[PDB]
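Participant: Following this message is one structure expressed as structure tokens.
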């Protein structure tokens, strides 16, 4: 009732502010309600800005990939299909 | 009361006051030595915490 | 794949002091046992307690 | 000024002081000082008068110069040490510059000139904040760097502050200027023991804060800004002027009143460090402050001055505004001497 | 130290001397304040860049922000003096003595 | 060209003398303009592209509002220049002489100690030989303000808002 009258009056007298608050409101709410924000984070972590310094192999590192391109290690196959 | 009551009270008071004086001199000397050396629990001015140092592979190999 | 962290199996010994650091100074003595009240309270001039 | 806006400005001043007293980074201490100045200027100019604008401008200029010198000292210390932490400053020139800046912020002489003017320009409400709360942050910074403070410079500033505060207080008939010069003298007293024992500085700061809160709140409760206007208060409210006389006697440093505690402890600590001439001179120079306090006590309560006929109407009405902390501040500033061994809690 | 550090410190000193030595206008004092702020910015920036203190590269921007905050404070005080006296002359600030 | 930074710093000092002698605020404005531009040049020469451009941009915008006021508050029927008053000219000449004396003493005498110890060698010496890679180290450190410096962002934003409030409260009568 009162909200509808206020919004109709707002968009009839000051339509500029109505759009700005709507656009500003979406910019705060939508990022939280999105499944791609985590992908945006992962992409930033994925980019290798600095050298991947190797670690000395003590023989007890099963998952650490002592190799050029053997299967062990993180994969960017998710980004390829994005 | 008897003359011995004041006698013993005076002895106790003298013991307490002499202990206080000796402790005050001892405290002054201890504080002076701690401030001069900084090897005691007092006058321990803070230094940089070593837990802030980042012991991780940096960008340049020479660290 | 060229950005992954790899294991390197070497034989050169791991450096013991890469920074050539000096001997760390001996820390101050650390605390003591339980607490007891001050001998005669606060020994501040005429205050007996 | 809207009360909400005034509360926000007061909270911003307090948050600036808490930022100064809470951070471990020099940049944040400087930021807190800047916020304090920014939120203090409009508080100084809450009541718009040309005198208020003049006070705000002078205070802003002085604090801006002090903040610039402080930031220069911080930058030089970083240059010569690569450190931002509040610790033993590693450059003597930077230490000197920082000491000058902090003394200018506190109003230590010969950077005392702005205090009597800014205090007189602003109202009693703003004067109380200026003379009590605005001393916390620079004193805290000085207490954090007391190890690196050159004792000679700080002692010279303290002695000059006491001398100049006493001398200035003697020629003043405006209550706010008398309070400002007394504040200068007490700041000198506080900064005298900074190189020796900072807990005595904290004790003196607390006692001075209580005494000044009591005095300013009594002045507000009497709505008096001059000796003549305060003299009339004996007729309407003798209790206020009697309590003012007691608080003035306490400020003079007369036992058994609480004002003897800071001077006594300061003399003790300075004699423990084999300094006997400086505390003696400070004690002797406190007599000027005691003089102008006594003169005020005469004009206010000890002697009765001529009132005016219109006070008869004022006799019928009772004060509406009630300062709840005034009795506690009066008691703590007059009858706490039997409680000095509480000094340890400040450690 | 390099000579550029000497020049920047000297510039800060000159600006400080200028601010401490008023002549007539309050605007020139604010100019000296802004000059000191600029000199401090340049000094801090050179120090941070030279030592590669990456995380401290945001310090000069904060310094600049509070610098122009103080400048706005000064400008507002200036307008009030002009409104109350007609000129920004520093001699009009004379009511408060001692 | 191996002493570009030194020349720019000398021009910095010259501009500081120029607006420190207190000519008409209009002329102090261009003095500060020159000083800010030359400082931007120095910071650019030391690798601070964003920082130098930032001081250049902000002061350029700030001195504009000062100019607006110089024509509204500090407007003298006869605005004074550096060669209009013997006091202003004396201050300008004294500053120039001080700068020239210190420059000469620093150059001809390699090690100079006025208050700090200054070395007469070129500023190029202190530069580092490291490689930043695919980085603008200054830019990354500055952008770390929103990730690392959340507290700084909060305090600065609050100070700016309170600054707006303070300006409105001051300029209300």
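Every residue gets a Cβ built from N, Cα and C, even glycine.
Copied straight from Swiss-Prot:
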- D:3-23: transmembrane segment (TRANSMEM)
- D:25-45: transmembrane segment (TRANSMEM)
- D:59-79: transmembrane segment (TRANSMEM)
- D:89-109: transmembrane segment (TRANSMEM)
- D:149-169: transmembrane segment (TRANSMEM)
- D:178-198: transmembrane segment (TRANSMEM)
- D:200-220: transmembrane segment (TRANSMEM)
- D:237-257: transmembrane segment (TRANSMEM)
- D:274-294: transmembrane segment (TRANSMEM)
- D:325-345: transmembrane segment (TRANSMEM)
Participant: Ranking D:3-23, D:178-198, D:200-220, D:325-345 by Cβ pairs under 8 Å to the transmembrane segment (D:89-109), which is first?
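Facilitator: Counting Cβ pairs under 8 Å, the winner is D:178-198.
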Participant: State the non-local partners of the transmembrane segment (D:325-345) in its own chain: residues 6+ outside its ends, Cβ under 8 Å from one of its Cβ atoms.
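Facilitator: Cβ under 8 Å, 6 or more out: 199-200, 203, 207, 210-211, 213-214, 217-218, 221, 243, 246-247, 250, 255-261, 264-265.
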Participant: Which residues of the same chain, at least 6 past either end of the transmembrane segment (D:237-257), have a Cβ under 8 Å from a Cβ in it?
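Facilitator: That would be 182, 211, 214-215, 218, 221-222, 230, 263, 286, 289-290, 293-294, 296-297, 300-302, 330, 333-335, 337-338.
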Participant: Take a look at D:3-23, D:25-45, D:149-169, D:200-220 and tell me which one has the most Cβ pairs under 8 Å to the transmembrane segment (D:274-294).
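Facilitator: Most contacts with the transmembrane segment (D:274-294): D:149-169.
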Participant: Using Cβ atoms only, state whether the transmembrane segment (D:59-79) and the transmembrane segment (D:149-169) have three or more pairs under 8 Å that are 6 or more apart in sequence.
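Facilitator: These two segments do not touch.
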